[PDB]
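Below: the structure, in structure tokens.
Both backbone and side-chain heavy atoms feed into the values below; hydrogens, waters and symmetry mates do not. Position 1 is the first residue of the sequence, and the numbers go up from there.
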Amino acid sequence: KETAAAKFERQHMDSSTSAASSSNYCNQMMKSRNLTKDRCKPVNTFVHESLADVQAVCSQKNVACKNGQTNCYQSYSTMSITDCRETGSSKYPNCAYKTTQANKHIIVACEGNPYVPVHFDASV
């Protein structure tokens, strides 16, 4: 039984690589992480930092979420991220993604106890 916290980790964490070097990164990770069942997940972000470092964001800069909520936090520093976005030729079950690597601050929504990231809001 997957919790909100577990789902965030499966969908967004990639501590095992410091960055994505291959144009094929997204294609592989999207499939490995169970993100292409029934439909191709259109957009997804992978974070190349330790789990503890991402969890620490929950006590960082409080910001408004894109939905108007107040339980969003922004990392003080930029972090290693990889953006996966479905291409214009992607067609389920043949999901195709464009891989974009960059250093951005992340914005996550936090909940519970312990207070941890449950949703990936944005990158800036």
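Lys7 pairs by the side-chain contact (heavy atoms from CB on, under 4.5 Å) definition with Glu2, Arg10, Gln11, not counting sequence neighbours. A search for salt bridge (charged side-chain N to carboxylate O under 4.0 Å, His left out) contacts involving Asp14 returns nothing, not counting sequence neighbours.
Screening residues 9-66 for ring-ring contact (aromatic ring centres under 6.0 Å, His included), with sequence neighbours left out, gives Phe8-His12, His12-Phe120, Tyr25-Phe46, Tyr25-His48. Identified under the salt bridge (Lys or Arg N to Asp or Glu O under 4.0 Å) test for residues 78-107, with sequence neighbours left out: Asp83-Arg85. Sorted by first then second residue, the salt bridge (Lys or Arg N to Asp or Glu O under 4.0 Å) pairs that include residues 38-60, not counting sequence neighbours, number zero. Pairs passing the ring-ring contact (aromatic ring centres under 6.0 Å, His included) check and including a residue from residues 59-104, sequence neighbours excluded, read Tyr73-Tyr115.
Contact record, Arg33 with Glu9: NH1-O, 3.5 Å, taken as the closest heavy-atom pair. Nearest heavy-atom pair across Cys58 and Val116 is SG-C, 3.6 Å. Of all the heavy atoms in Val118 and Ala5, the pair that sits closest is CG1-N, 4.2 Å.
When hydrophobic clusters are built by joining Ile, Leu, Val, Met, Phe, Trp and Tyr residues whose side-chain heavy atoms come closer than 4.5 Å, directly or via intermediates, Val63 is not grouped with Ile106. One hydrophobic cluster holds both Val57 and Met13 under the rule that ILVMFWY side chains link at heavy-atom gaps under 4.5 Å. By the rule that hydrophobic residues join a cluster once side-chain heavy atoms approach within less than 4.5 Å of another member, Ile81 and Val108 end up as members of one cluster.
Atom CE of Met29 is separated from atom OG of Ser22 by 12.5 Å, given to the nearest 0.5 angstrom. Atom CG of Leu35 sits about 5.0 Å away from atom CG of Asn44, to the nearest 0.5 Å.
At least one side-chain heavy atom of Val54 sits less than 4.5 Å from a side-chain heavy atom of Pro117. Counting heavy atoms from C-beta outward, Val43 and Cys84 have side chains that stay 4.5 Å or more apart. By the 4.5 Å heavy-atom criterion applied to side chains, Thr82 and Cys26 are counted as neighbours.
No side-chain donor from either of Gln101 and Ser21 sits under 3.5 Å from a side-chain acceptor of the other.
Of the possible donor and acceptor atoms, none in the side chain of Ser90 sits under 3.5 Å from a partner among the backbone N and O of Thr87. Here the side chain of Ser15 pairs no donor or acceptor atom with the backbone of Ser50 at under 3.5 angstrom.
Atom CD of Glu111 sits in a sparse spot, with 12 or fewer heavy atoms from other residues, nucleotides or ligands closer than 6.0 Å.
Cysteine sulfur proximity is not satisfied for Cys110 and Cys72, their SG distance being 2.5 angstrom or more.
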